[PDB]
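Here's a solo chain for you in structure tokens, the form deposited without this ligand.
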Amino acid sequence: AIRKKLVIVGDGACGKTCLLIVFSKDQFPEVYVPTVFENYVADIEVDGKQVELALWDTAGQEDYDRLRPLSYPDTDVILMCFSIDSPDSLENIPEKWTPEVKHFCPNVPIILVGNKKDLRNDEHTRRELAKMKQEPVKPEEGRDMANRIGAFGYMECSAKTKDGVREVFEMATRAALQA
């Protein structure tokens, strides 16, 4: 079991904290959803290879440009997150997060992840976004952004229902193992 390090980046409202919590417990909390995530070492077996994947969140570091890059040393894979219920979080991917991750993590694979996919067909979400002349991010808009930033791949998931969550972390593990 080789040790690999994963860091999740993205806007404060992208759902990165919830994604880490749901994956590490294999459960969306029934009683209390934690505010913060400390760290976790997941035992994952992907394509016959056993890996200890250390997980790290960047939540709370978004306004601190000298504190935030201390999370990046020796990172093996980046999860770059946006929320499907927030086209504004997707717009911040190519010129804020991407050049930062390419600077502090050169040659590290980036997986672009569309979180909260359950809200794409949520009537309350669609009514709320239409007031600011917006709509939930479409899967092709996510793929085009991933292609544009040179992402390793594009994936979607829902921490609420768990759909696609295991797949995201198994793919991150495969990316961390590549040359």
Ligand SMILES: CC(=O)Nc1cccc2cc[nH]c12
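In case it trips you up, residue 1 is the first one in the sequence shown, and so on.
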| property | result |
| --- | --- |
| 122 to 130 set against 51 to 59, stretch whose average Cα temperature factor tops the other in the entry | 122 to 130 |
| Mean C-alpha B-factor comparison - 72 to 80 and 89 to 97, higher one | 89 to 97 |
| Per the PDB entry, maximal CA B factor within 19, 13, 171, 9 | 13 |
| Residue with maximal Cα B-factor (values as given in the PDB entry) among 34, 136, 142, 153 | 136 |
| Chain third (lowest, middle, highest) by recorded CA B-factor, residue given as residue 65 | middle |
| Third assignment of residue 147 from its chain's C-alpha B-factors | middle |
| Chain-relative CA temperature factor third for residue 43 | middle |
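The same protein also has a form deposited with this ligand bound, omitted here; what follows describes it.
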property: 4.5 angstroms heavy atom contact with this ligand in the entry with it bound for residue 109; result: yes
property: is_contact(residue 129, this ligand) in the entry with it bound, heavy atom dist at most 4.5 Å; result: no
property: Partner contacts for 126 to 158, taking this ligand in the entry with it bound and a 4.5 Å heavy atom cut-off; result: 149, 150, 151, 152
